[PDB]
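What follows is a single chain, given as structure tokens, in the form deposited in one PDB entry.
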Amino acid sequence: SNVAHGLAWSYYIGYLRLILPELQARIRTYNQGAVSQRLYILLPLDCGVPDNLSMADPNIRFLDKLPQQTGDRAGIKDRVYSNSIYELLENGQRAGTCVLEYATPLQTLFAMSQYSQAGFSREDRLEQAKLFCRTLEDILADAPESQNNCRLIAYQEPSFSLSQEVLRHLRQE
């Protein structure tokens, strides 16, 4: 069970606590319809993470990239952190724009269930996705780096509309 726990702490230490302090400055640079101030992280509990989000939903299209963030990390000179800006559609209309991406460790949970050596049952994929979201929420609720700049979007599919799911959180702000 500690797998999803460590991945959530990994996700915060080696990513969120590094890019969240510099995000609002990157969004301001791109603006100068404006882009929302927060980073919206998609958390599909089925751990189904497509690499191309524009084709995953017709009402979600890639718009542009943010200016890249670079830094020396673990002996890698100028390791690049890049983020994408997406437009959310509603009845053929641009309803909102924001920085949108999936939580990558959910891909790791999915692949571990496929591998036999990983000791990770296929049935345990849902509860680890749940534990990943609970641990990540606990971290961000007490995170100094998280100051109204990060919004988690967790959902479960059984019709469901992903673009309508993101627009709900976007309008709440």
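Start at 1 with the first residue shown and count on from there. The term rigid core refers to the maximal set of C-alpha atoms that superpose within 1.5 Å between the two forms.
Across the other compared structures of the same protein with both neighbouring residues present, residue 100 carries coordinates in every case, with no third of them leaving it out. Of the other structures of this protein that model both sides of residue 161, every one gives it coordinates; not a third omit it.
Going from residue 32 to residue 33, you skip over 4 to 9 residues of the deposited sequence that the entry leaves unmodelled. Going from residue 158 to residue 159, the model skips 4 to 9 deposited residues, which lack coordinates. The stretch with the higher mean CA B factor, choosing between 104-112 and 139-147, is 139-147. When 5-13 is weighed against 161-169, 161-169 comes out higher, by mean CA B-factor as recorded in the entry. Considering 60, 42, 45, 27 together, the PDB entry gives 27 the largest C-alpha B factor. Taking only the listed residues 126, 56, 133, 49, the entry reports the highest CA temperature factor at 56.
In the deposited entry, the Cα temperature factor of residue 91 places it in the highest third of its chain's modelled residues.
Keep in mind the form deposited in another entry is missing from the figure; the text below concerns it.
After superposing the rigid core, the C-alpha of residue 118 moves by 2 Å or more between the shown form and the other one.
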